[PDB]
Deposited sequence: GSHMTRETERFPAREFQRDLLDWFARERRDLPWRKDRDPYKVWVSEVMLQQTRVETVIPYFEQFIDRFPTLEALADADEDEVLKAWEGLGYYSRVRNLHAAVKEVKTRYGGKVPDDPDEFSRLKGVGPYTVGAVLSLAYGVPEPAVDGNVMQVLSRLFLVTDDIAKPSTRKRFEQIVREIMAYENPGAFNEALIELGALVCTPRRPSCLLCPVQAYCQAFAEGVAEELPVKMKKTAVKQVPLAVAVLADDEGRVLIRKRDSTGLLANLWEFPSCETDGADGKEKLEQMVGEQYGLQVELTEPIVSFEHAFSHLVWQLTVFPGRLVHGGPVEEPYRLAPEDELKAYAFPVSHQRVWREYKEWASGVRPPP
């Protein structure tokens, strides 16, 4: 494999075409690490405003570590896959507590941190510290599957390990961070899933898939399974003084530690009744439902139905619930589904 003629060419292309993204302003390990977590299964264009806002709020690792969990989650509100930021928050706290605020440059110690998998180890340490670890994301797997005509299913962990070995074989130990970011940028800008720009492509000469005319069929990936449908009844409960009842989800599993309007997973069966029974347990009367809408997750679809109701206080509002004046709802981090619940509630109200 003509590594040098591939490398020199990839990196020259990158020097010319590299996007001036916010996290490329410097090689600060904290800012890099934040961006690499935010970018997990999230497009660059989506990340940009979140990254800018997050770094303004949490300018250093210490700032992030010292912040309240609710503040950090609100900074992630709407980005999706919220355990990323809970893991990052813990990883920074551990980096502060254990390492005094210096991001480990040891791969095993960096990898020991929550949220830091093989991609994030390679991305951060190669960029920040020059450590020659591979940084294999979807872009890289697309590029390598085409270059070396690798047909193994990339859903398999073992496939990713094969790509990691290829990177180690063709890397540029001279400039590891720049090699890694260049391979990713190639997949971002050129070696795209549909209609890849093979003719423009710098490393076209080395592409087995190009020769064979099969780039549009790679990488190989098993079609996704159809997802579960889940009915969800949601109560929007306001008292005479405009405050609304919300509750914090447990830290285990779906939308962990986010706030929501109280909801009961129904089986499509007696929703309004299930909601009234749910609140009584942990005084309230619900009207007819005002809207029904769906909300997609990667692995299930919520079918939401919103029931207005009136709240009469008969005791202390006990955890996990909170009585929030309308003007303070904006302080809490809500999943997009419940942001829409509230929007629909307000539209109906008017």
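In this entry, the deposited residues absent from the coordinate set span 1-10, 293-295, 364-369.
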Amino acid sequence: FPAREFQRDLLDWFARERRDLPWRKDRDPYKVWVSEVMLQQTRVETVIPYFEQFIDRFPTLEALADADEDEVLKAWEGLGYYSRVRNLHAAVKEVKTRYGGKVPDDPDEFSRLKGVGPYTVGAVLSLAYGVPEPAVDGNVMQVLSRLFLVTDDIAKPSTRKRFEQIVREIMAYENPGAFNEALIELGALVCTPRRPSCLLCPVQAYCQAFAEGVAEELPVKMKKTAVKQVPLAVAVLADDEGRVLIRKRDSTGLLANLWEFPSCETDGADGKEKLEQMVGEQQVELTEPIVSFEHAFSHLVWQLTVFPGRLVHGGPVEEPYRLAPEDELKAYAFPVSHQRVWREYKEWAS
From here on, numbers count along this sequence of modelled residues.
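As recorded in the PDB entry, 169-177 is the stretch of 123-131 and 169-177 with the greater mean C-alpha temperature factor. When the mean C-alpha temperature factors of 63-71 and 296-304 are read from the deposited coordinates, 63-71 comes out higher. Looking only at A188, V214, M141, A90, the residue with the top Cα B factor in the deposited structure is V214. Highest C-alpha temperature factor among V220, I246, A233, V230 per the entry: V220. Placement of the Cα temperature factor of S145 within the chain: middle third of the modelled residues, per the deposited record. Annotation for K272: CA B-factor lies in the highest third of the chain's modelled residues. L11: CA B factor in the middle third of modelled residues in this chain (values from the PDB entry). Per-chain ranking of the deposited C-alpha B factor places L200 in the highest third. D137: CA B factor lies in the lowest third for its chain, per the PDB record.
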